[PDB]
Asks: 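Here it is, the structure, as structure tokens.
Keep in mind that the numbers below use all heavy atoms, side chains included, and drop hydrogens, waters and symmetry copies. Labels below follow one simple rule: chain letters A, B, ... track the order of the sequence lines, proteins then strands, and each chain is numbered from 1.
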Amino acid sequence: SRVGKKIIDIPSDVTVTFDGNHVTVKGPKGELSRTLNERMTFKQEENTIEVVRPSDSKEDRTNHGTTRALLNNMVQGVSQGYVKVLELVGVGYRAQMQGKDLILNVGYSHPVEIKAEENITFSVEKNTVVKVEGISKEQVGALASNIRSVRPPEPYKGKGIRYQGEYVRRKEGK
Amino acid sequence: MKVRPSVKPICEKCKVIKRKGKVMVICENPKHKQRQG
Amino acid sequence: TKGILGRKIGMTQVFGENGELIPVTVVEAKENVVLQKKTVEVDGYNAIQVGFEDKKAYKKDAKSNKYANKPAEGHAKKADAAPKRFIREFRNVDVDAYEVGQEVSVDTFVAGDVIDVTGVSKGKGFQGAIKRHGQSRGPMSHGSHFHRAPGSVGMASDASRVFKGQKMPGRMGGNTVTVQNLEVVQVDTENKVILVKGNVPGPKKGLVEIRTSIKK
Amino acid sequence: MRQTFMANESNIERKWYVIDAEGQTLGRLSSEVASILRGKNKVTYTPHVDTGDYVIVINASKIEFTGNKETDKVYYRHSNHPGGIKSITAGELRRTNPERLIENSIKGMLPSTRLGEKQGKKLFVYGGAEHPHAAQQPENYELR
RNA sequence: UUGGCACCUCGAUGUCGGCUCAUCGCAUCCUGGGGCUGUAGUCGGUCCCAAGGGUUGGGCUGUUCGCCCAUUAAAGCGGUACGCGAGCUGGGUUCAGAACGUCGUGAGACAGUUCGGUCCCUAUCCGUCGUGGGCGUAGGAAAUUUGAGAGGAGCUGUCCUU
RNA sequence: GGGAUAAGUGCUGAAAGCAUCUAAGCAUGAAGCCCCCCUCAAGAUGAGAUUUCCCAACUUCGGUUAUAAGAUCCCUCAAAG
Ligand SMILES: [Mg+2]
Ligand SMILES: [Mg+2]
Ligand SMILES: [Mg+2]
Ligand SMILES: [Mg+2]
Ligand SMILES: [Mg+2]
Ligand SMILES: [Mg+2]
Ligand SMILES: [Mg+2]
Ligand SMILES: [Mg+2]
Ligand SMILES: [Mg+2]
Ligand SMILES: [Mg+2]
Ligand SMILES: [Zn+2]
């Protein structure tokens, strides 16, 4: 696992604490705690961390790559955070913020409201762009997916909620 | 989705994968999406 | 959530605000008292036990259910109440809202309350499959020797038996029935009468249990 | 000459044992308990009498399965009514009624006889670590 | 399904269709959830999941079918002795009468037709539906109950608004 | 309405520096499943719970006894049959 072999460089500000299998990572933006694979062994240096796999068995190899990535994501997340941007397309499609919660109008009789989650921030620009910001890459990804799911992009005109950098296949209706 | 005993790449982009013990083909082209069954 | 015990008196009609004819059932729910409060601690569940309709006190050589037996008299006395003909538990109500020996009034319910009425349906005795299970008759003419019979009760060698739940002649009625989403048209405090819109199960003089509707 | 000893109620002594189900495979625990209940571990074992000992199983909720049994092992029961087949998974049974899971497992390893039913009644199973049979003064038993 | 075979039944395992009562499978007719589309929308096509419930009345014919009229969300396909005659019918078929065509010298004959033509049984056991008595449930009782289980229910249209 | 799911749809994610819904992990998802609703139900021989009622003399000291609370016979009946 080349991914597993690659060391994670701890930012000077960020501090990583390992308790048994569980690891708690503290950074300026937030603190993230997760449980890594038991078999994997972690070597910690002041400026870097190395994950070590006990055996070359597939199971150990698979977990090694995953474990490294999970730890890397936590460290990066606390340091810089992760943000996903979604852009509404089509006339009359607008996004607005009701306190923490986000309100979406997407060609439905009912307005759609997405509640904010802990360690997540919802921000809207121009009422056509929504950005989800959080320490956890997964949490940002999940909420972005939920927002995108409210109205997925249509093929013919591209109308819908889409990721900013997403590509949509286009078809000619008539 | 195409459900068939013979699941194979239709184009160069098609990728054979296994999900939940099932041979499947994933592709940018939706038509080439396949699941063995 | 509220509950009361009453006797069905009969049916009548009331004219609504817009002059619509409202079929109603008159229930008399006098003499309701909370005999006991069941708790999770002692009983494993919370309920109020309500005794309805006073019965005569214990006598030495009582030959009928009109006079309270010594066990019954004691149970009622613990609530400081007269012995009761009918006793039922209400699990729907909040136990805290009630105290033992408290009278439960008809005024607990108010007009427009949606209620479920529970009672034992009228007995019909031994009844055939047509009336009991609403089956079709056989032909009355054209050579038919099949009129009110139940029909085939099975198949052949595969199953060589009748399945459980085959519909056959038997005793019909006298079953507990709950009619849901009925409405309290009116409450008469003076006569201790609750007017329930529509009809409820059982003969006149039958026991009815009125509860706040489970579905809301 | 006929000299074989025969155990009878007068000479039979039944003991009480506690077995912890925590970290034990269901079947392997089950097979061992079945032998204890049937008196197979006694030198005075006699077929037509119950020479077995009472068994208390604790922490039934913590019994373990191998492979995908939790979802793929299904218990089927019929009500004797047409189409009356009802199924719950072993995993769900463990969550909801762990005592039944253990009890049915052991009873299925006991003979379907009047004696076998009696021997199954000597089994007491509890999902938690606490049992109410302290008066019986049960002895801890370690599975071989 | 049409057959092949001739293994249980010839000291009898009643046979078509309908009626009554169903019950099960899912290769799903409708309704629910999806993928792909040569999917603009409205509609469709095709495939996957799904058996919870639902799945109409007539004309003709003994009919099963099938065609037709009018509907319906839909008018599903199969198994259960082509389910069910000690539950019903008895129109067809499969006795004795008679006739036509036809064949036969004839007596007669015909998966050709035509008309007429006896459907028995007081339920012992299991099974099923109801309804009591005994004993048990470590004293004898009266009331009120928990719910391990088990059964039931489970369908859809149209219109208005957006 | 709730919980868990199907076909699906994903998020994060390596084996496999990419990619990938899956392997670890995390979501979402049917008239279906388990409930929610209705009815029966402790012969549930695993026979459960609560409240109340009854509680003495004899005796060979083994136990018996009619009586208690209670319930029936019999009788007048119906909302029951
Ligand atoms: Mg091909
Ligand atoms: Mg009819
Ligand atoms: Mg007649
Ligand atoms: Mg031969
Ligand atoms: Mg014979
Ligand atoms: Mg299928
Ligand atoms: Mg037949
Ligand atoms: Mg027959
Ligand atoms: Mg005939
Ligand atoms: Mg012939
Ligand atoms: Zn392709």
Asks: Contact class for C:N175 vs. all strands (heavy atom < 4.0 Å): base, sugar-phosphate, or nothing?
Replies: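 Answer is nothing: C:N175 stays at 4.0 Å or more from every strand.
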
Asks: Looking for any heavy atom pair under 4.0 Å, which part of the strands does A:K137 touch: base, sugar-phosphate only, or nothing?
Replies: sugar-phosphate

Asks: Base, sugar-phosphate, or nothing: which does C:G44 touch, judged by heavy atoms less than 4.0 Å apart?
Replies: nothing

Asks: What do you reckon, do F:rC75 and E:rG130 form a Watson-Crick or wobble pair with both distances under 3.5 Å?
Replies: no

Asks: At under 4.0 Å, does any side-chain N or O of D:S79 touch on OP1 or OP2 of E:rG151?
Replies: yes

Asks: Would you confirm whether E:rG52 and E:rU31 are paired, taking Watson-Crick (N1-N3 with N6-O4 or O6-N4) or G-U wobble (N1-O2 and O6-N3) geometry and requiring each distance to be under 3.5 angstrom?
Replies: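 Between E:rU31 and E:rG52 there is a Watson-Crick or G-U pair, with both distances under 3.5 Å.
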
Asks: Using Watson-Crick or G-U wobble geometry with both distances under 3.5 Å, which nucleotide pairs with E:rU144?
Replies: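 Base partner found: F:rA49.
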
Asks: Across the strands shown, which category fits D:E103 at heavy-atom distances under 4.0 angstrom: base, sugar-phosphate, nothing?
Replies: base

Asks: Can you tell me the Watson-Crick or wobble partner of E:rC82, both distances under 3.5 angstrom?
Replies: none

Asks: Given Watson-Crick or G-U wobble geometry and both distances below 3.5 Å as the test, should E:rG149 and F:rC40 count as paired?
Replies: yes

Asks: Checking D:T71 against D:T89: is there a side-chain donor and acceptor pair closer than 3.5 Å?
Replies: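 No, D:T71 and D:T89 have no side-chain donor paired with an acceptor closer than 3.5 Å.
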
Asks: Which is true for A:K6 with a 4.0 Å heavy-atom rule: it touches a base, it touches only sugar-phosphate, or it touches nothing?
Replies: nothing

Asks: Might you point out which heavy atoms bring C:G3 and C:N92 nearest each other, and give the distance in Å?
Replies: N-ND2, 4.5 Å

Asks: Mapping C:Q180 and C:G174 onto RNA chain F by nearest heavy atom, which one lands closer to the 5' end?
Replies: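 By nearest-heavy-atom nucleotide position, the 5'-most residue is C:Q180.
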
Asks: Taking the side chain of B:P30 as heavy atoms from C-beta outward, which of E:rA40, E:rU37, E:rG151 is closest to it?
Replies: E:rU37

Asks: Any cation-pi pair here, A:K171 with A:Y156, using under 6.0 Å and within 45°?
Replies: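 Not satisfied by the 6.0 Å and 45° rule.
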
Asks: What does A:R2 touch in the nucleic acid at a heavy-atom separation under 4.0 angstrom: a base, only the sugar-phosphate, or nothing?
Replies: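 Since a base atom lies under 4.0 Å of A:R2, the category is base.
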
Asks: Return the pairing partner of E:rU124 with a 3.5 Å limit on both distances, Watson-Crick or G-U wobble; otherwise return none.
Replies: none

Asks: Side chain of C:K38, base of E:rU145: donor and acceptor closer than 3.5 Å?
Replies: no

Asks: Examine the six-membered rings in the bases of F:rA31 and F:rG32 and report whether their centres are under 5.5 angstrom apart and their planes under 30 degrees.
Replies: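 Result for this step: unstacked.
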
Asks: Do D:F124 and D:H133 have ring centroids that are under 6.0 Å from one another?
Replies: yes

Asks: Under 4.0 Å from any heavy atom of chain C: name the first and the last nucleotide of RNA chain F that qualifies, 5' to 3'.
Replies: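 The contact span of chain C on RNA chain F goes from F:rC37 to F:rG81.
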
Asks: Cationic tip of A:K84 within the cone over A:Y163's six-membered ring, i.e. under 6.0 Å and within 45° of the normal?
Replies: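 Yes, A:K84 lies over the aromatic ring of A:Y163.
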
Asks: Mapping C:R132 and D:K86 to their closest nucleotides on RNA chain E, which lands nearer the 5' end?
Replies: C:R132

Asks: Does C:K205 reach a base, just sugar-phosphate, or nothing at all? Heavy atoms under 4.0 Å.
Replies: base

Asks: Taking a pair to be Watson-Crick or G-U wobble with both distances under 3.5 Å, do E:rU93 and E:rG117 qualify?
Replies: no

Asks: Kindly give the heavy-atom pair with the smallest separation between A:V78 and A:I135, and that separation in Å.
Replies: CA-CG2, 4.1 Å

Asks: Between C:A72 and C:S136, which residue's closest nucleotide on RNA chain E lies nearer the 5′ terminus?
Replies: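 Result of the comparison: C:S136.
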
Asks: Could you give the side-chain donor-acceptor pairs of residues 199-216 of chain C under 3.5 Å, partners two or more places apart or in another chain?
Replies:
{"unit_1": "C:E209", "atom_1": "OE1", "unit_2": "C:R211", "atom_2": "NH1", "d": "3.0"}
{"unit_1": "C:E209", "atom_1": "OE1", "unit_2": "C:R211", "atom_2": "NH2", "d": "3.0"}
{"unit_1": "C:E209", "atom_1": "OE2", "unit_2": "C:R88", "atom_2": "NE", "d": "3.3"}
{"unit_1": "C:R211", "atom_1": "NH2", "unit_2": "C:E89", "atom_2": "O", "d": "3.4"}
{"unit_1": "C:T212", "atom_1": "OG1", "unit_2": "C:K2", "atom_2": "N", "d": "2.9"}
{"unit_1": "C:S213", "atom_1": "OG", "unit_2": "C:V114", "atom_2": "O", "d": "3.4"}
{"unit_1": "C:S213", "atom_1": "OG", "unit_2": "C:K215", "atom_2": "O", "d": "3.1"}
{"unit_1": "C:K215", "atom_1": "NZ", "unit_2": "C:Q180", "atom_2": "OE1", "d": "3.2"}

Asks: Mind checking who E:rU55 pairs with, Watson-Crick or G-U wobble, both distances under 3.5 Å?
Replies: none

Asks: Provide the Watson-Crick or G-U wobble partner of F:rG8, both distances under 3.5 Å; none if there is no partner.
Replies: F:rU28

Asks: Mapping A:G4 and B:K33 to their closest nucleotides on RNA chain F, which lands nearer the 5' end?
Replies: B:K33

Asks: Of all the nucleotides listed (E:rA148, E:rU89, E:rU23), which has the minimum atom distance to the side chain of D:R100?
Replies: E:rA148

Asks: Within 45° of the six-membered ring axis of C:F52 and under 6.0 Å from that ring's centre, is NZ or CZ of C:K84 located there?
Replies: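 Negative - C:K84 is either too far from the ring of C:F52 or too far off its axis.
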
Asks: Contact class for C:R7 (heavy atom, under 4.0 Å): base, sugar-phosphate, or nothing?
Replies: base

Asks: Using purine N1 to pyrimidine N3 plus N6-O4 or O6-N4 for Watson-Crick, or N1-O2 and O6-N3 for G-U wobble, both under 3.5 Å, which nucleotide pairs with E:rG17?
Replies: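 Across all strands, the one nucleotide that pairs with E:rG17 is E:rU89.
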
Asks: What I want to check is whether E:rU118 forms a Watson-Crick or wobble pair with E:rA22, both distances being under 3.5 Å.
Replies: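 Taken together, E:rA22 and E:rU118 make no base pair (Watson-Crick or G-U wobble, both distances under 3.5 Å).
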
Asks: Tell which nucleotide pairs with F:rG1, taking only Watson-Crick or G-U wobble pairs whose two distances are both under 3.5 angstrom.
Replies: F:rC35

Asks: Counting side-chain heavy atoms from C-beta on, which of E:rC88, E:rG151, E:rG38 comes nearest to C:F146?
Replies: E:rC88

Asks: Between E:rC8 and E:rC7, is the stacking condition met, i.e. ring centres under 5.5 Å and planes under 30 degrees?
Replies: no

Asks: Under a 3.5 Å cut-off for both distances, is E:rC7 Watson-Crick or wobble paired, and to whom?
Replies: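 Partner of E:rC7: none found under 3.5 Å.
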
